[PDB]
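Enquirer: The structure is given below, and queries will be raised subsequently.
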Amino acid sequence: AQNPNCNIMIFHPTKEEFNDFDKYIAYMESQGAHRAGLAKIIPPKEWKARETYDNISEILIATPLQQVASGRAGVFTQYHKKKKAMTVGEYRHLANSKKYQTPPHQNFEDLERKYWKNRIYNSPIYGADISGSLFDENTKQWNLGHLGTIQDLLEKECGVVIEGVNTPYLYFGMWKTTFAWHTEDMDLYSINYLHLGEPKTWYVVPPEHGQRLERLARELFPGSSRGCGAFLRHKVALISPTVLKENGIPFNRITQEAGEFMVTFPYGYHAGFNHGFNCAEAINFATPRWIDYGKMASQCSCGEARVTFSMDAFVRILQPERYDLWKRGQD
Ligand SMILES: O=C(O)CNC(=O)C(=O)O
Ligand SMILES: [Mg+2]
Ligand code: NI
Ligand SMILES: [Zn+2]
């Protein structure tokens, strides 16, 4: 078995190898990359997502989210308070303010320490889940707005034709902005490109060990656990590396820098934080190996996680028994 310790792998494709996305994902899996739950892909030196970022300040963040934490430093939840709309220009200025900017630090490790020590005492503002793309339409390789769609993958593999579309989303982050422990909707893959700015640190649990994370989370958030049989779908719970180590949960960490792609694999729990002002683009995708994960994916039926028009059809076809009670939570 390749990569038996489930280490995060880093790949450096040539421009020639960067021409066939599906084939490269299959290559990475042949090398055991999926066992980690997360892989880094450094694009060929000749590749660019776009010519410049010089005119992005006019993008609107219609509902910036203030991430308010409750709990203790290593075990907390966050809630998103909606704020008034602001432009990317306005948001960047806020990120750079004395109140919100990245603190002095020695290196990524000192900054990680400061994050876990201090996150709960601040409420950073996140411009998340903004439909759009920053790839130039002439970028032909690894353009997240030109990928084959999940609906077309299900059609090719299973023969069924369903409604729905699949488009990317932009994320504008600042120091301490946080993504809680989650897998993707329907345990899909995701791909994330860090277009610009300061890094993003990721933590990931190997898919083969995901249930160990779930069991810990039920112990650490016991009322959440009673309210919903899949509450990590709410994307509110954080657990520090220290806590994971104290409880024997296998995990890995890696820092993504501007210009790099990350891939999350089916049922790879992941969480992380941003080091400073940045802009990422991400989208979910499928391969044939995903289909069995989609059939087995947990769902939130308490009604909190409340998910997309396109996810309806996935549940309908892959989880017909659930269909019924799941759409009761979504209607
Ligand atoms: O970048 C973020 O805030 C969160 N992204 C993801 O969880 C992803 O790409 O799967
Ligand atoms: Mg603009
Ligand atoms: Ni994700
Ligand atoms: Zn729920």
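We name chains A, B, ... following the order of the structure tokens; residues begin at 1 in each chain, and ligands are numbered from 1 as shown.
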For ligand 1, collect every residue having any atom at a distance of at most 7 Å from a ligand atom (counting only C-alpha atoms and all ligand atoms); output as a ChimeraX atom specification.

Expert: /A:128,171,178-179,184,190-192,264,270-271,280,282-283

Enquirer: Would you kindly return, as a ChimeraX atom specification, each protein, DNA or RNA residue with an atom no farther than 6 Å from any atom of region 54-67 of chain A, considering only C-alpha atoms and excluding same-chain residues fewer than 2 positions away?

Expert: /A:52,78-83,85-89,123-127

Enquirer: Have a look at CA of residue 167 (chain A) and CA of residue 33 (chain A) and let me know their distance in Å, one decimal.

Expert: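 One can read the CA of residue 167 (chain A) to CA of residue 33 (chain A) distance as 25.0 Å.
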
Enquirer: Just want the 10 Å neighbourhood of residue 5 (chain A), counted on only C-alpha atoms, with same-chain residues fewer than 4 positions away dropped. Output as a PDB file with N, CA, C and O atoms, in the first residue's frame.

Expert:
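The result, stored in part26.pdb:
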```
ATOM      1  N   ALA A   1       0.875  -1.205   0.000  1.00  0.00           N
ATOM      2  CA  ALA A   1       0.000   0.000   0.000  1.00  0.00           C
ATOM      3  C   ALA A   1       0.921   1.268   0.000  1.00  0.00           C
ATOM      4  O   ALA A   1       1.934   1.321   0.728  1.00  0.00           O
ATOM      5  N   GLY A  32      -0.805   7.173  -3.330  1.00  0.00           N
ATOM      6  CA  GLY A  32      -1.347   7.104  -1.976  1.00  0.00           C
ATOM      7  C   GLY A  32      -1.693   8.451  -1.389  1.00  0.00           C
ATOM      8  O   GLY A  32      -1.936   8.525  -0.153  1.00  0.00           O
ATOM      9  N   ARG A  35      -4.680   8.971   1.040  1.00  0.00           N
ATOM     10  CA  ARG A  35      -4.700   8.475   2.387  1.00  0.00           C
ATOM     11  C   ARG A  35      -4.532   9.539   3.453  1.00  0.00           C
ATOM     12  O   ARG A  35      -5.026   9.358   4.584  1.00  0.00           O
ATOM     13  N   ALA A  36      -3.829  10.624   3.135  1.00  0.00           N
ATOM     14  CA  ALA A  36      -3.641  11.755   4.069  1.00  0.00           C
ATOM     15  C   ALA A  36      -4.939  12.571   4.302  1.00  0.00           C
ATOM     16  O   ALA A  36      -5.114  13.225   5.345  1.00  0.00           O
ATOM     17  N   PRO A 206      -6.654  11.680   8.351  1.00  0.00           N
ATOM     18  CA  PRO A 206      -6.774  10.697   7.271  1.00  0.00           C
ATOM     19  C   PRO A 206      -8.214  10.172   7.183  1.00  0.00           C
ATOM     20  O   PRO A 206      -8.828   9.867   8.224  1.00  0.00           O
ATOM     21  N   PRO A 250      -5.096  10.727  14.949  1.00  0.00           N
ATOM     22  CA  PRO A 250      -4.123  10.914  13.957  1.00  0.00           C
ATOM     23  C   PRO A 250      -4.455  12.133  13.088  1.00  0.00           C
ATOM     24  O   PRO A 250      -5.572  12.248  12.631  1.00  0.00           O
TER      25      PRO A 250
END
```

Enquirer: Which neighbours of residue 235 (chain A) fall inside 9 Å, counting only C-alpha atoms, when residues of the same chain fewer than 2 positions from it are skipped, and could you give them as a ChimeraX atom specification?

Expert: /A:77-78,179-182,231-233,237-238,305

Enquirer: Can I get the selected residues back with N, CA and C atoms, as a PDB file, in the first residue's frame?

Expert:
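Output (result-v7.pdb):
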```pdb
ATOM      1  N   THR A  77     -16.447  26.662  19.840  1.00  0.00           N
ATOM      2  CA  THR A  77     -17.296  26.811  18.675  1.00  0.00           C
ATOM      3  C   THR A  77     -17.243  28.213  18.185  1.00  0.00           C
ATOM      4  N   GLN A  78     -17.625  28.414  16.923  1.00  0.00           N
ATOM      5  CA  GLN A  78     -17.720  29.755  16.405  1.00  0.00           C
ATOM      6  C   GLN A  78     -19.058  30.001  15.791  1.00  0.00           C
ATOM      7  N   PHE A 179     -11.553  28.190   9.418  1.00  0.00           N
ATOM      8  CA  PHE A 179     -12.452  27.170   8.902  1.00  0.00           C
ATOM      9  C   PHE A 179     -12.540  25.978   9.901  1.00  0.00           C
ATOM     10  N   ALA A 180     -13.770  25.675  10.336  1.00  0.00           N
ATOM     11  CA  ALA A 180     -13.975  24.681  11.312  1.00  0.00           C
ATOM     12  C   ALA A 180     -13.826  23.277  10.740  1.00  0.00           C
ATOM     13  N   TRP A 181     -13.700  22.272  11.632  1.00  0.00           N
ATOM     14  CA  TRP A 181     -13.547  20.881  11.221  1.00  0.00           C
ATOM     15  C   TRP A 181     -14.738  20.390  10.392  1.00  0.00           C
ATOM     16  N   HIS A 182     -14.464  19.959   9.171  1.00  0.00           N
ATOM     17  CA  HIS A 182     -15.533  19.455   8.309  1.00  0.00           C
ATOM     18  C   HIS A 182     -14.988  18.535   7.231  1.00  0.00           C
ATOM     19  N   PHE A 231     -23.377  16.748  13.461  1.00  0.00           N
ATOM     20  CA  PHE A 231     -23.232  18.177  13.690  1.00  0.00           C
ATOM     21  C   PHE A 231     -21.967  18.824  13.163  1.00  0.00           C
ATOM     22  N   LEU A 232     -20.948  18.044  12.844  1.00  0.00           N
ATOM     23  CA  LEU A 232     -19.778  18.663  12.201  1.00  0.00           C
ATOM     24  C   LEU A 232     -20.091  19.295  10.822  1.00  0.00           C
ATOM     25  N   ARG A 233     -21.191  18.840  10.230  1.00  0.00           N
ATOM     26  CA  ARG A 233     -21.779  19.512   9.039  1.00  0.00           C
ATOM     27  C   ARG A 233     -22.160  20.920   9.260  1.00  0.00           C
ATOM     28  N   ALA A 237     -17.200  23.749  14.821  1.00  0.00           N
ATOM     29  CA  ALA A 237     -16.401  23.231  15.918  1.00  0.00           C
ATOM     30  C   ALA A 237     -14.930  23.269  15.581  1.00  0.00           C
ATOM     31  N   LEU A 238     -14.156  23.753  16.540  1.00  0.00           N
ATOM     32  CA  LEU A 238     -12.705  23.733  16.473  1.00  0.00           C
ATOM     33  C   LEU A 238     -12.108  22.960  17.590  1.00  0.00           C
ATOM     34  N   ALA A 305     -27.614  22.729   8.792  1.00  0.00           N
ATOM     35  CA  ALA A 305     -26.522  22.844   7.800  1.00  0.00           C
ATOM     36  C   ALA A 305     -27.085  23.313   6.446  1.00  0.00           C
TER      37      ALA A 305
END
```

Enquirer: Quick one: pick out all strand (DSSP E) residues within region 57-123 of chain A from a backbone DSSP run and write them as a ChimeraX atom specification.

Expert: /A:60-61,65-72,75-82,86-87
